[PDB]
Amino acid sequence: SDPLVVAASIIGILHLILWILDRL
Amino acid sequence: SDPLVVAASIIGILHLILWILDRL
Amino acid sequence: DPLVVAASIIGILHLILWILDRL
Amino acid sequence: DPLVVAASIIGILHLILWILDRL
Ligand SMILES: C[C@@H](N)[C@]12C[C@H]3C[C@H](C[C@H](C3)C1)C2
Ligand SMILES: [Cl-]
């Protein structure tokens, strides 16, 4: 319910996805 | 209200900004 | 909240992968 | 939530390491 925590959550998922794609 | 969780949220957003700027 | 919990697990995985990537 | 707290600690470490790796 903290918009900062929910947003950082979504963004942290986004970040790891981008890292894996660049690693593959 | 947990400063640890709030700070890591802020930091995780900054980290993705830095990652994308290195990518761009 | 399962999104926060999911991001938590994912962030832990990310640092492990990044560390191994530089190891 | 100890999981979210653990992942908060790790996320802060992660960026510390990432910046030092670039310096
Ligand atoms: C970005 C990631 N380290 C997160 C971001 C937010 C704060 C912390 C838990 C969860 C949501 C994941 C740490
Ligand atoms: Cl990287």
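This entry, as listed in the PDB, derives from X-ray crystallography and reports a resolution of 2.00 Å.

Draft legend 1. Seen up close, the site of ligand 1. Residues in close proximity to ligand 1 include A:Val5, A:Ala8, A:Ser9, B:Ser9, B:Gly12, C:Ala7, C:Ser8, D:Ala7, D:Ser8 and D:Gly11, which together make up its full environment. More than one chain reaches ligand 1: the nearby residues come from chains A, B, C and D. Coverage of ligand 1 by the protein chains reaches 94% of its 310 Å² of free accessible surface. Broken down by secondary-structure element, the contributors of at least two residues to the shell around ligand 1 are α1 (3-23) of chain A, α1 (3-23) of chain B, α1 (2-22) of chain C together with α1 (2-22) of chain D.

Draft legend 2. Highlighting the pattern of salt bridges. For the coordinates displayed, the defined rule picks out 3 salt bridges over all chains. Between B:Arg23 and A:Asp22 there is a salt bridge whose closest N-O contact spans 2.8 Å. One end of the pair, B:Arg23, is in helix α1; the other, A:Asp22, is in helix α1, on a second chain. Judged by relative accessible area, B:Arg23 falls into the exposed class, the value being 51%. A salt bridge links C:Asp21 to A:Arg23; its shortest N-O distance comes to 2.6 Å. Of this pair, C:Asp21 sits in helix α1 while A:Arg23 sits in helix α1, each in a different chain.

Draft legend 3. A look at α1(C). Between the first and last C-alpha of α1(C) there are 30 Å, a value that for 21 residues agrees with the 30 Å anticipated at 1.5 Å per step. Considered for burial, the residues of α1(C) that qualify are C:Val4, C:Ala7, C:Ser8, C:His14, C:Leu15 and C:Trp18. The buried residues of α1(C) all sit within an arc of 125° when viewed along its axis, so they share a single face. Residues C:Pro2 and C:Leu20 are exposed on α1(C) and point more than 90 degrees away from its buried face. If you follow the buried residues of α1(C), they end up packed against α1 of chain A together with α1 of chain D. The opening residue of α1(C), the one whose side-chain oxygen lies 3.0 Å from the backbone nitrogen of C:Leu3, is C:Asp1.

Draft legend 4. Summary view of the interface of chain C and chain A. Across the boundary between the two partners, chain C contributes 9 residues, which contact 10 residues of chain A. Overall, the association of chain C and chain A removes approximately 900 Å² of surface from exposure, summing both partners, and the carbon and sulfur fraction of that is 78%. The largest contributions to the chain C side of the interface with chain A come from C:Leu3, C:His14 and C:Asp21, which together make up 48% of the buried area. Linking chain C with chain A are 1 salt bridge, by the criterion used here. Counted by class, the side of chain C that touches chain A contains 7 nonpolar, 1 polar and 1 charged residues.

What counts, and where the lines are drawn
Residues numbered from 1 in each chain as written, not as in the entry; some residues may be left out. Chains lettered and ligands numbered in written order. Heavy atoms only, no water. Near = heavy atom within 4 Å. Areas by Shrake-Rupley, 256 points an atom, 1.4 Å probe, with all protein chains shown as cover. Helix = DSSP H or I, 4+ residues; strand = E, 2+ residues; numbered from the N terminus. Salt bridge = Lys/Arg side-chain N within 4 Å of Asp/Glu carboxyl O. Buried < 20%, exposed > 50% of the residue type's maximum accessible area, 1.4 Å probe, protein only. Expected span 1.5 Å × (residues − 1). Arc of directions from axis to C-beta. Contact = heavy atoms within 4.5 Å. Polar contact = N/O pair within 3.5 Å; in protein donor to acceptor, adjacent residues only side chain to side chain. Buried area = accessible area lost by both parts, 1.4 Å probe. Nonpolar A, V, L, I, M, F, W, Y, C, P; charged D, E, K, R; others polar.

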